[PDB]
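Peer 1: can you look at this? It's an experimental structure, sequence on top.
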Amino acid sequence: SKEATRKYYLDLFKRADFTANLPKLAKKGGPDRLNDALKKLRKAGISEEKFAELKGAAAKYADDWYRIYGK
Amino acid sequence: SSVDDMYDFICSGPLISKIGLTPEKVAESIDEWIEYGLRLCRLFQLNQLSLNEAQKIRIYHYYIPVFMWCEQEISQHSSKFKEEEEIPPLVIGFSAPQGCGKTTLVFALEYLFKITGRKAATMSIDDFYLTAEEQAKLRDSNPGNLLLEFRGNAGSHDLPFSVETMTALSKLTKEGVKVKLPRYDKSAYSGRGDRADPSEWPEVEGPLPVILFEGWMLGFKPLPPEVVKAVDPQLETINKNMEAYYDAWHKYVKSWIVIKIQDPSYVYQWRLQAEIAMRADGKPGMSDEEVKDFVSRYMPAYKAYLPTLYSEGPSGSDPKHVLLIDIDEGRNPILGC
């Protein structure tokens, strides 16, 4: 039941594809939510081009987090 | 420990498979999980953000899954009646030995029911002990049977009182109807104990949906005296008494939880450490021999009747409505499937 977790972590990226899907994501985990999800996903085994697209999307989510809960 | 991490941790618990829950259900109710974790952390003044592995295991592998299971049992209980059809209280019986988190569990379980809008009432079997004079008279009938001198073994329980108390609890289906919870004081008469005076008892109003019923002896069944006589001669009377316990408790408990321990001797261990912690901190602490006598007197019943639970199960139990929690030496749920 590991691909329940891999599916959870990729489907977590689909869950963040909207700007109006942030609010309850972004109380905890942090601005680095999808970055750490990508860490766990690389460790689970993922391709490099998916890694590049993710490493872009997670940075975008970090900016969209700092935009509302930054200093 | 971020939300995602906790998810993973929750999914690796030994009870996720056993309460019927799934990774999707965990993902869909992770908000409920984390709010329950917050509430339990405050209930123990824990930190959430500074939890060691034992605390995390209790909260997210032990307490919350059991709360989820119990609330599902009440859900399926109340789904069986119609509008204006009054709902009888659901009595969930906890069959676990002494000092195995059994007591603090129900304290945690009861608390979450209060938070989530189900009035909760807790009754230990020990609250139905024979009063001090009745206990003394029970002793006098068996002057040569030590196990009946003091409390806990079969006989020390005021069964007519237990039956009336359990019957009166059930009629809390409307508001206004009440019932006093009989509290038992364990320190009366030098530490022997007597029932708390009935004018000091907590009282529950309204319709109560869940009742939490704990005891070291719940689920124990009448055995053939041949298993009994060889484990201890002083159990044969205690065996014959529990035949009359089949009918005052097992009728009334619908859902069950059986904390199952690895080796009964743990009880002694678990007792001593506690008292040792008291004696180390310089507090009223039973002596080593005192604790040894105390535990070694309930041990004759454990070795007789614990085997039956693991083999068959509790007596007035339905197999789909019994949860088994195997705890390790640290009172934590074992991943024994």
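Peer 2: Structure's in. What do you need? Residues are numbered from 1 along each chain as shown, chains lettered A, B, ... in the order given.
Peer 1: tell me the helix or strand right after the host helix or strand of residue B:239.
Peer 2: In this assignment (DSSP states H and E), residue B:239 forms part of helix B:236-242. Next helix or strand after helix B:236-242 toward the C-terminus (DSSP H and E): strand B:255-260.
Peer 1: now residue 34: which helix or strand?
Peer 2: You didn't say which chain, so I picked chain A. helix A:33-44.
Peer 1: actually, chain B is the one I wanted.
Peer 2: Assigned by DSSP H and E, residue B:34 falls in helix B:30-43.
Peer 1: ok, residues contacting that helix?
Peer 2: Residues from elsewhere that reach helix B:30-43 (C-beta atoms under 8 Å, 6 or more residues apart in numbering or on different chains): A:24, A:28, B:3, B:6-7, B:10, B:26, B:46-48, B:51, B:59-60, B:63-64, B:67, B:108, B:111-112, B:115. To be clear about C-beta, it is placed using only N, CA and C from the backbone, and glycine gets the same treatment.
Peer 1: of the residues you listed, keep whichever come out buried.
Peer 2: Buried members of the contacts of helix B:30-43, scored by 16 or more other C-beta atoms under 10 Å in any protein chain shown, are B:3, B:6-7, B:10, B:26, B:46, B:48, B:51, B:59-60, B:63-64, B:67, B:108, B:111-112.
Peer 1: max-length helix in the chain?
Peer 2: No chain specified, so I'll use chain A. Among the segments of chain A that qualify as a helix by DSSP state H, the longest is helix A:48-69.
Peer 1: not quite, I wanted chain B
Peer 2: Chain B, longest helix under DSSP H: helix B:288-311.
Peer 1: list the buried ones in it?
Peer 2: For helix B:288-311, using 16+ other C-beta under 10 Å, the buried residues are B:291, B:294-295, B:297-302, B:304-306, B:308-309.
Peer 1: ok, residue 64 - contacts?
Peer 2: Using chain A here. A:19, A:22.
Peer 1: wrong one, chain B
Peer 2: So residue B:64 contacts B:10, B:33, B:36, B:37, B:40, B:112 (C-beta under 8 Å, 6+ apart).
Peer 1: what's the most distant pair in these?
Peer 2: B:10 and B:112 (15.5 Å; C-beta to C-beta).
Peer 1: what residues does the closest residue in space to residue B:264 that isn't next to it in sequence make contact with?
Peer 2: Leaving out its chain neighbours, the residue that sits closest to residue B:264 by C-beta to C-beta, 6 or more residues apart in numbering or on different chains is residue B:302, at 4.4 Å. Residue B:302 makes contact with B:97, B:264, B:267, according to C-beta under 8 Å, 6+ apart.
Peer 1: center of chain B, which residue is that?
Peer 2: residue B:214 (2.9 Å; C-alpha atoms, centre = their mean).
Peer 1: that one falls within a helix, correct?
Peer 2: No - under DSSP: H, G, I helix; E, B strand; the rest coil, residue B:214 sits outside any helix and is assigned strand.
Peer 1: ok, so what distance separates the residue nearest to the spatial centre of chain A from residue A:7?
Peer 2: Chain A has residue A:34 as the residue nearest its centroid, 2.2 Å off, counting by C-alpha atoms, centre = their mean. Distance of residue A:34 to residue A:7, given as C-beta to C-beta, to the nearest Å: 15 Å.
Peer 1: also residue B:117?
Peer 2: For residue B:117, the distance to residue A:7 - C-beta to C-beta - is 33 Å.
Peer 1: go on, residue A:26?
Peer 2: Distance, residue A:26 to residue A:7, by C-beta to C-beta: 22 Å.
Peer 1: ok, residue B:164 next?
Peer 2: On the measure of C-beta to C-beta, residue B:164 and residue A:7 end up 55 Å apart.
Peer 1: touching, residue B:321 and residue B:70? I think so.
Peer 2: No - counting by C-beta atoms under 8 Å, residue B:321 does not reach residue B:70; the two are 10.8 Å apart.
Peer 1: around chain B, pick out the residues from chain A.
Peer 2: A:1, A:4-5, A:8-9, A:12, A:24, A:28-30, A:33, A:36-37, A:40 (C-beta under 8 Å from any C-beta of the partner chain).
Peer 1: among the residues you listed, name the buried ones.
Peer 2: A:5, A:8, A:9, A:12, A:29, A:33, A:36, A:37, A:40.
Peer 1: the third one touches residue A:46, doesn't it?
Peer 2: No - the pair residue A:9 / residue A:46 is not scored as a contact, 9.2 Å apart, by C-beta under 8 Å.
Peer 1: thinking again about what came up before, tell me which of residue B:117 and residue A:7 has more neighbours.
Peer 2: residue A:7 (13 against 7; other C-beta atoms under 10 Å in any protein chain shown).
Peer 1: so that one sits in a helix?
Peer 2: Yes - assignment of residue A:7 by three-state DSSP places it within a helix.
Peer 1: just give me the neighbour total for the closest residue to residue A:2 other than its chain neighbours.
Peer 2: Counting by C-beta to C-beta, 6+ apart, residue A:2 lies nearest to residue A:44, which is 7.3 Å off, once chain neighbours are set aside. Residue A:44 has 13 neighbours, counted by other C-beta under 10 Å.
Peer 1: what do you get for residue B:97?
Peer 2: Neighbour count for residue B:97, taken as other C-beta under 10 Å: 22.
Peer 1: helix, strand or coil: sort out it for me.
Peer 2: Residue B:97 is classified as coil under three-state DSSP.
Peer 1: how much space separates it from residue B:261?
Peer 2: The value you get for residue B:97 to residue B:261, if C-beta to C-beta is used, is 6 Å.
Peer 1: what do those two both touch?
Peer 2: Joint contacts of residue B:97 and residue B:261 (C-beta under 8 Å, 6+ apart) are residue B:267.
Peer 1: what's the helix or strand for the closest residue to residue B:61 other than its chain neighbours?
Peer 2: Leaving aside its chain neighbours, residue B:61 sits nearest to residue B:13 (3.6 Å; criterion: C-beta to C-beta, 6+ apart). Residue B:13 belongs to no helix or strand when assigned by DSSP H and E.
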